[PDB]
Amino acid sequence: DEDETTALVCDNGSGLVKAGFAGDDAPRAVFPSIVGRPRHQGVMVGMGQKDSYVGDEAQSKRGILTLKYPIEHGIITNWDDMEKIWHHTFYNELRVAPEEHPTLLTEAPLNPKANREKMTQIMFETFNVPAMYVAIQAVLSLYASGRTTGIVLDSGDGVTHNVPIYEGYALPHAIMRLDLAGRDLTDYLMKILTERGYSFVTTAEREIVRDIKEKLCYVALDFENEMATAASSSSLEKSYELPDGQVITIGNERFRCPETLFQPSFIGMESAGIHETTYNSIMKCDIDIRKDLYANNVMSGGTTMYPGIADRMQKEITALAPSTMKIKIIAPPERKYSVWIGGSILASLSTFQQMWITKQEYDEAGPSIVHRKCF
Amino acid sequence: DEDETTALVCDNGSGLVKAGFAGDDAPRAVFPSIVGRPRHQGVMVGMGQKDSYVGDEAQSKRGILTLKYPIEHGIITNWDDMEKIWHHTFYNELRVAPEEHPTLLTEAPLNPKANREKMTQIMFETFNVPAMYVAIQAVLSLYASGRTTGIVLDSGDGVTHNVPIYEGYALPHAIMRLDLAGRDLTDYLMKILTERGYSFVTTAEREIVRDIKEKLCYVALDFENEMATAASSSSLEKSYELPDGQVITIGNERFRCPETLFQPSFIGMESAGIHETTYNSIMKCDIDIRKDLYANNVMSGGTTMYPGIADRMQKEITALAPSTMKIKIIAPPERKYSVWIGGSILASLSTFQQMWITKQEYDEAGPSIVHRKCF
Amino acid sequence: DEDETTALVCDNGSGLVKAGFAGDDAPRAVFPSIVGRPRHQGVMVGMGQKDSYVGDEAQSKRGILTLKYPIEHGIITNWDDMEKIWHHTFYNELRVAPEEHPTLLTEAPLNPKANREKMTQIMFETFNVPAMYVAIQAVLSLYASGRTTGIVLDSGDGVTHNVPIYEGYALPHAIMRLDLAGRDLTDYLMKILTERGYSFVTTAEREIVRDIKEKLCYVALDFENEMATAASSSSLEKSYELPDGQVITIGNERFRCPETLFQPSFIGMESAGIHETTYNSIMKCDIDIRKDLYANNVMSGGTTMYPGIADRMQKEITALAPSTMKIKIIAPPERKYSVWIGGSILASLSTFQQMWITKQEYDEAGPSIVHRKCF
Amino acid sequence: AXXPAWX
Ligand SMILES: Nc1ncnc2c1ncn2[C@@H]1O[C@H](COP(=O)(O)OP(=O)(O)O)[C@@H](O)[C@H]1O
Ligand SMILES: Nc1ncnc2c1ncn2[C@@H]1O[C@H](COP(=O)(O)OP(=O)(O)O)[C@@H](O)[C@H]1O
Ligand SMILES: Nc1ncnc2c1ncn2[C@@H]1O[C@H](COP(=O)(O)OP(=O)(O)O)[C@@H](O)[C@H]1O
Ligand SMILES: [Mg+2]
Ligand SMILES: [Mg+2]
Ligand SMILES: [Mg+2]
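Numbering of residues starts from 1 on every chain and follows the written order of that chain's sequence, so it may differ from the entry's own numbering; residues lacking coordinates are omitted. Numbering of ligands from 1 and lettering of chains from A proceed in the order in which they are written. The full assembly is larger than what is shown, and all values describe the shown chains rather than the whole. Hydrogen atoms and water are omitted, and side-chain values are computed over all heavy atoms in the structure. Residues with missing side-chain atoms are left out of burial classes, side-chain pairs and their counts.

Undergrad: Go over the sheet that holds strand 1 (residues 8–12) of chain C, please, and point to the residues and values.
TA: Residues and elements named next belong to chain C. One requirement defines pairing of two strands: DSSP has to find at least two bridges between them. Working definition: helices are DSSP H or I runs of at least four residues, strands are E runs of at least two. Numbering for both runs from the N terminus. Read across the open sheet, the 6 strands follow the order 3-2-1-8-9-17; overall the sheet is mixed. Edge positions in the sheet fall to strand 3 (29–32) and strand 17 (357–358), since each of these pairs with one other strand and no more. Where strand 8 (residues 103–107) lies against strand 9 (residues 131–136), 5 bridges are found, and the strand directions are parallel. What sits directly across from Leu104, in strand 9, is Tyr133. Contacts from helix 3 (residues 113–126) reach strand 8, strand 9 and strand 17 within the one sheet, and its direction differs from that of strand 9 by about 155°. For this analysis, residues touch if any pair of their heavy atoms sits within 4.5 Å. Fitted lines through C-alpha atoms give the axes, limited to the stretch in contact for helices. The angle between two N-to-C directions lies from 0 to 180 degrees.

Next comes the structure, spelled out in structure tokens:
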């Protein structure tokens, strides 16, 4: 097993569990944050066929399951299913006892504090961790950059952040939160695939559409001329073989899916877009911070592996920011993992080991200790 | 280090520390007399991030600090912060031990005597200087001129002086003090910049406005025709690029800022102006002194590097003084430093080395020794 | 209609239009200063459905509109939308022709002068008013008090003032301006409601949060013991039924919202607070003014109908002011309207009818006439 | 008295 007391870094954003140990390059366990459950009856007698499938096994059996994400927009909705996800995380995937390891959880800013509080209650009461710490996810995404100055966009499966930090000091009044992320892009892609002719409605078919979004989507630097480019010829069409047979061929849907991220009116969501929430987070900072946020604009979570989103990102922030400013969009190709990687850095720091919310301090101050020790 | 017992000449007027050694051309250390302090929380763990930034480092980090001047109108208000300023002065900037060097401090006339007395108590009790001497700042500004006859205007960041001296003898009944100086001009410029459209309210933005005042202001020899000159055309407008982006364009504010110095009604301060306090200091002197004060009207501190203030100064004192008098405004371009330079002259004089308030005379007579040895 | 030439008193602070006639108790028209605009497509053919909704109609349709305030921190940002607001003000709500009536506009001190100048240009060029006059809003708030001596705090939706006046003479060097007001409190309440669990992000949901702030907030005389009082029991919790269904229950957010007004660090704004800007405005006045400002401390605009803000206000100014001073916070329950009411007094004065900026004097001196006739 | 800074 693990012969030491190495800290656990568990990172469930809203749609993908990535967990592992501190002082480590990559997360050891990366699996979908789903719990599946059979929706019709078992007939082969003597089969096993447990009435819950968590993680990657659920996508192995998703044709006979109703898949259900226990965490939506960064908020944990099903608590017993999230306990299934954590139980599978420690005991099956990462294959370790939580009693021996301090654990580092992550969440978004501007979240309900009962998420953080009940997450601490489940970590100490159910899994009996010795220490525990919730961490703001974009902050850790700046720990992976090796920077102490920068504004961080990450955009996981349920939430996007823009946390600005200058010289180690965060600017929590200048913080942002938009609930437009990759599951919303998956749903919008599923809608416009219904526009082309392909009907995906099941949760398993939603997982197929999510795969189409990951394999086969880019961001379109200039959306109008890319739109007319797809309207002119079929040079942007691309085929995807569905599981078990039929192939599909998608055109302008390839780049209309993450244009919703730059233009949230497509999914009917009144917002300013990703590029304007970055600029508005920078303009909420003080005057002497802003060029150090322009040159350090870290873009480091999931849903940013769309090809060209750093080009669209710089190309649009440059249009908002004044001239003679140096707009550098940092898009480090190890992102989708850098919230975990910065979790690994922070949990492996030696200054940090008196910042763990420990037991006998949880037992002393109840579950509200998180609002005086964590942030 | 320093292989001798050279005297320290430390000169904090109210807004800029300029310190160094005696027998020296220029002050070795010139830095802002500010102490900064973080106003929101530290988030990057393992950073250092001390909870006090003194001097130039505070302007390096002023976007996340609340800057605070420990000395206001020549009066030290925060004593622990002034001890931070002195501690940084000797041990970080000038990088020397105060135990080895007699120190020469400066202050204004007509100051509270607890400023001078507590400054002596902090120099002997805290820094353990062997000798110490407070000095009237405009007197030293006449030591830099190489003159022993003249009336001295200096106008630092918090106070302006007009000390008249004839044949080595000061006229302390004819002395003056106005509390209108460059920080008041910075605040008034910040107000009329709010009149044009640019809102500066933070202490860091106050430091930006102070920079606009230094780079981009002159004094307007004839204020009414300069005022109508700016009202006629845009030939007096000038642009200033703010830190991190946006450029501004100032017009009549370029010369309405130091017209407050010649006309204190703009900042709502009942006074006679700079040009009339000089003439009133001369008329308080005796009849046989005045033409030697007219021809030796030294104008030698900070806030006098406005272009044309010697032209406005001579042009207005000539209108007050009788005809067939020779009005010579001495404006030696080494001013903003000549209070320090005359401190260097006075501390390097050989007649002066029995005028130091020494320890074992401080210990004998308490801290009130300054009111029998200094002046 | 109106059979006379009664002057119009239009008062848009930044968030609420209150307009009417001079010589009148209450404003005739009070409606939100919003202009709404449909953000998705019209489908019922033959509907009307104009592509702009101004005023109260916009809050009748805010579920399908993006509401937008044309005036932010007392500065008019959208000029065509403010012309929609004025056009709706005269022709729909107040239902009168501007050609027949002199109009009295209000703004804050320390505003951009292009706001005042373009407001005069829009009043004469577009609406063809015979006369026009901009007025400092807290001054008019002292006209409603029946006093000619006092310091005035008002705190509308975008700006707070502290204009001190003694014996009819204002002290414009002792004037103040803080850009912390009720829309900032609405945004901060919306943030800490996201902390409890309720997500409000749309402009219509911002209007719901503003309603929660108006119905269900007080100021907490002692913030620490009120904070621990809410932490002890649920006797401070109070429920609010949202539009269309779900009820919410707010606790310490009920008094943490206007504590930002007394402590601007909550919204990350470096300032001294309301209680210290009053005391600093009094200390900038002369020595023989101050007890007549202490006994006449008028507190008379919007965002002052928090219960107990006069108790917190007196309780904190008494701690700043010296003892044996009589601190009287005047909080006349007709405030939120007293800027309009004092506008009605001033426009109905007989001495005032040669102080109107009239046309043929606008046409003679351009739009800069406001900076010689108004103030 | 006075001032700020002065008494
Ligand atoms: N290569 C890719 N291109 C585009 N989107 C991706 C890619 N890989 C993952 N995603 C999207 O990113 C989201 C997961 O991002 P991540 O931050 O790892 O999730 P979590 O928020 O659970 O940590 C999923 O919605 C997925 O659809
Ligand atoms: N070139 C310049 N033009 C106008 N004002 C200046 C210039 N340089 C410095 N000042 C002003 O002079 C003041 C500092 O003068 P100085 O006498 O050095 O201050 P101190 O009183 O700290 O000695 C500051 O307020 C600064 O704004
Ligand atoms: N009863 C109340 N309690 C607290 N705040 C209020 C109340 N009524 C109005 N407000 C706030 O006052 C602001 C409007 O005040 P007012 O002076 O009318 O604004 P304006 O600047 O538009 O004149 C709005 O932000 C509103 O939220
Ligand atoms: Mg993530
Ligand atoms: Mg000086
Ligand atoms: Mg108002």
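Undergrad: Give me the lowdown on the interface of chain B and chain A, citing residues and values where you can.
TA: With 26 residues of chain B at the interface, the matching set in chain A holds 27 residues. Once two parts are joined, some of their accessible surface, as seen by a 1.4 Å probe, is lost; buried area is that loss totalled over both. Summed over both sides, the interface between chain B and chain A buries roughly 2,300 Å², with carbon and sulfur atoms accounting for 61% of that surface. Among the residues of chain B in contact with chain A, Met44(B), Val45(B) and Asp244(B) are the three that bury the most area, contributing 32% of the side total. Take a side-chain nitrogen of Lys or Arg and a carboxyl oxygen of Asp or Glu: if they are within 4 Å of each other, that pair is a salt bridge. Linking chain B with chain A are 3 salt bridges. Between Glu167(A) and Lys61(B) there is a salt bridge; the shortest N-O distance is 2.7 Å.

Undergrad: Residue-level account of the site of ligand 1, with values.
TA: All names here are of chain A. Put simply, a residue is near a molecule or strand once any heavy atom of it comes within 4 Å of that molecule or strand. Not every one of the 16 residues close to ligand 1 is listed here, only the nearest: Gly15, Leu16, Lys18, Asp157 and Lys213. Within the contact set of ligand 1, an oxygen atom lies 2.6 Å away from a side-chain nitrogen or oxygen of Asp157. Surface burial for ligand 1 is 92%, taken as the share of its 580 Å² of free accessible area covered by protein chains. Among the secondary structure elements, those contributing two or more residues to the shell around ligand 1 are strand 2 (16–21) and helix 6 (203–215). Per element, the largest residue contribution to the shell around ligand 1 is 3 residues, and it comes from helix 6. All residues other than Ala, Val, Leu, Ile, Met, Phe, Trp, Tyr, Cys, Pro, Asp, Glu, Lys and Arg, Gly among them, are scored as polar; the first ten of these are nonpolar and the last four charged. Counted by class, the shell around ligand 1 contains 3 nonpolar, 7 polar and 6 charged residues. Identification of polar contacts relies on pairs of N or O atoms within 3.5 Å, with a donor-acceptor requirement for protein atoms, meaning one able to donate a hydrogen and the other able to accept it, and with residues adjacent in sequence counted only if both atoms are side-chain atoms. For the area figures, the Shrake-Rupley method with a 1.4 Å probe applies, and any residue is considered shielded solely by the protein chains shown.

Undergrad: Got a sec to walk through the site of ligand 2? Specific residues and values, please.
TA: Residues and elements named next belong to chain B. Around ligand 2, the structure places 16 residues, and the nearest of them are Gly15, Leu16, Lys18, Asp157 and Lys213. Within the backbone of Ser14, one N or O atom sits 3.1 Å away from an oxygen atom of ligand 2. Within the backbone of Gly302, a nitrogen or oxygen atom sits 3.1 Å from an oxygen atom of ligand 2. Notes on ligand 2: free accessible area 570 Å², of which the protein chains cover 93%. Here the shell around ligand 2 gets 3 residues from one element, more than from any other, and that element is helix 6 (residues 203–215). Residues belonging to the shell around ligand 2 are distributed by class as follows: 3 nonpolar, 7 polar and 6 charged.

Undergrad: Could you give an account of a negative patch on the surface, with specific residues and numbers?
TA: Residues and elements named next belong to chain A. Like charges are joined within 9 Å and nonpolar side chains (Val, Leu, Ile, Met, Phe, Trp, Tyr) within 5 Å, but only among residues with over 30% relative accessible area and no salt bridge; these make up the patches. In this charge count, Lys and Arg are treated as positive and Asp and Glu as negative; neither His nor the chain ends contribute. A single reference atom marks each charge: NZ on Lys, CZ on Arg, CG on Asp, CD on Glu. A surface patch of like charges, here negative, comprises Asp1, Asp3, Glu4, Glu99 and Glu100. Along the polypeptide, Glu100 turns up in the loop between helix 2 (79–93) and strand 8 (103–107). Type-normalised accessible area, obtained with a 1.4 Å probe on protein chains alone, sets the label of each residue: buried when under 20%, exposed when over 50%, and partly exposed for intermediate values. The class of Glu100 is partly exposed, set by a relative accessible area of 45%.

Undergrad: Describe empty space enclosed by the protein, listing the residues and the values that go with them.
TA: Residues and elements named next belong to chain A. Of the grid points, spaced at 1 Å and generated over the protein atoms alone, those admitting a 1.4 Å probe that cannot get out make up cavities, while open sets with protein on both sides within 12 Å along at least five of seven lines make up pockets; any residue with an atom within 4 Å of a point is treated as lining. Grid points are joined across faces, edges and corners, and a volume is the space filled by probe spheres set on the points. Estimates place the volume of the largest cavity at around 110 Å³. Elements supplying a minimum of two residues to the lining of the largest cavity: helix 2, strand 8 and helix 3 (113–126). Ranked by residue count, the leading element in the lining of the largest cavity is strand 8, at 3 residues. Counted by class, the lining of the largest cavity contains 8 nonpolar, 6 polar and 1 charged residues. Here the second largest cavity is characterised by a volume of approximately 90 Å³.

Undergrad: Pulling in residues and values, what's your account of the packing of aromatic side chains?
TA: Paired rings are identified among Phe, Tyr and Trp, the last through its six-membered ring, by centres lying within 6.5 Å, and are further divided according to the angle between planes into stacked (under 30 degrees), edge-to-face (over 60) and tilted (the rest). The tally for this structure, following the rule as stated, stands at 30 aromatic pairs over all chains. Relative to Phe352(B), the ring of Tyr133(B) has its centre 4.9 Å away and its plane inclined at 85°; by these criteria the two rings are edge-to-face. Pair noted here: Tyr133(B) is in strand 9 (residues 131–136) and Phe352(B) is in the loop between helix 12 (338–348) and strand 17 (357–358), with a separation of 219 residues, a long-range link. Like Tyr133(B), the residue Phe352(B) is buried in the burial classification. Their ring planes at 15° and their centres at 4.7 Å tell us that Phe124(C) and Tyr362(C) sit as a pair that is stacked. In this pair, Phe124(C) is assigned in helix 3 and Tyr362(C) in helix 13 (residues 362–365), connecting sequence segments 238 residues apart. A relative accessible area of 2% means that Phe124(C) is categorised as buried. The buried category is assigned to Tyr362(C), whose relative accessible area is 5%. Here a set of aromatic residues connected by ring pairs shows up, and it is made of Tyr188(A), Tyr218(A), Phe223(A), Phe255(A) and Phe266(A). In this arrangement the basic side chain of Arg183(C) is found over the ring face of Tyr69(C), its NZ or CZ atom lying 4.1 Å from the centre. For a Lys NZ or an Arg CZ to count as sitting over a ring, it must be within 6 Å of the ring centre and within 35 degrees of the ring normal.

Undergrad: Give a detailed account of helix 11 (residues 309–320) of chain A, specifying residues and quantitative values.
TA: All names here are of chain A. Look at helix 11: 16 Å from first C-alpha to last across 12 residues, which is about the 16 Å you get at 1.5 Å a residue. Listing the buried residues of helix 11 in full gives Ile309, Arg312, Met313 and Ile317. Summarising the axial view, the buried residues of helix 11 lie within an arc of 115°, below the 170-degree limit, and thus occupy one face. The secondary structure elements touched by the buried residues of helix 11 are strand 10 (150–153), helix 7 (223–232), helix 8 (253–262), helix 9 (274–283), strand 15 (297–299) and strand 16 (329–330). Given the number of residues in a helix, its expected span is that number minus one, multiplied by 1.5 Å. Directions drawn from the helix axis to the C-beta atoms are what define this arc.

Undergrad: Provide a residue-level description of the environment of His40(B), including the pertinent values.
TA: With respect to the secondary-structure elements, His40(B) resides in the loop between strand 4 (35–36) and strand 5 (53–54). With relative accessibility at 15%, the residue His40(B) sits in the buried group. In this structure the C-alpha to C-alpha distance between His40(B) and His275(B), which are 235 residues apart in sequence, comes to 45 Å. Those residues within four positions of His40(B) in sequence are excluded, and the remaining contacts are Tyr169(A), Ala170(A), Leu171(A) and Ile64(B). A distance of 3.3 Å separates a polar atom in the side chain of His40(B) from the backbone oxygen of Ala170(A).

Undergrad: Explain the side chain of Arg312(A) residue by residue, including any values.
TA: All names here are of chain A. Tracing the backbone through its elements, the reader meets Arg312 in helix 11. Residue class for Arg312 comes out buried when judged on its relative accessible area of 6%. A distance of 3.1 Å separates the side chain of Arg312 from the backbone oxygen of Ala220, its partner in a polar contact. Side-chain polar atoms of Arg312 contact the side chain of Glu259, separated by 2.4 Å. Excluding its chain neighbours within four sequence positions, the residues that come into contact with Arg312 are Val219, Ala220, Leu221, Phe223, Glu259 and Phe262.

Undergrad: Summarise a nonpolar patch on the surface; cite the residues concerned and give the values.
TA: Residues and elements named next belong to chain A. A cluster of nonpolar side chains, contributed by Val43, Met44 and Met47, occupies part of the molecular surface with about 350 Å² of accessible area. Among the secondary structure elements, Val43 is positioned in the loop between strand 4 (35–36) and strand 5 (53–54). Of the residues examined, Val43 reaches a relative accessible area of 54% and is grouped as exposed.

This is a description of form; function is not addressed.
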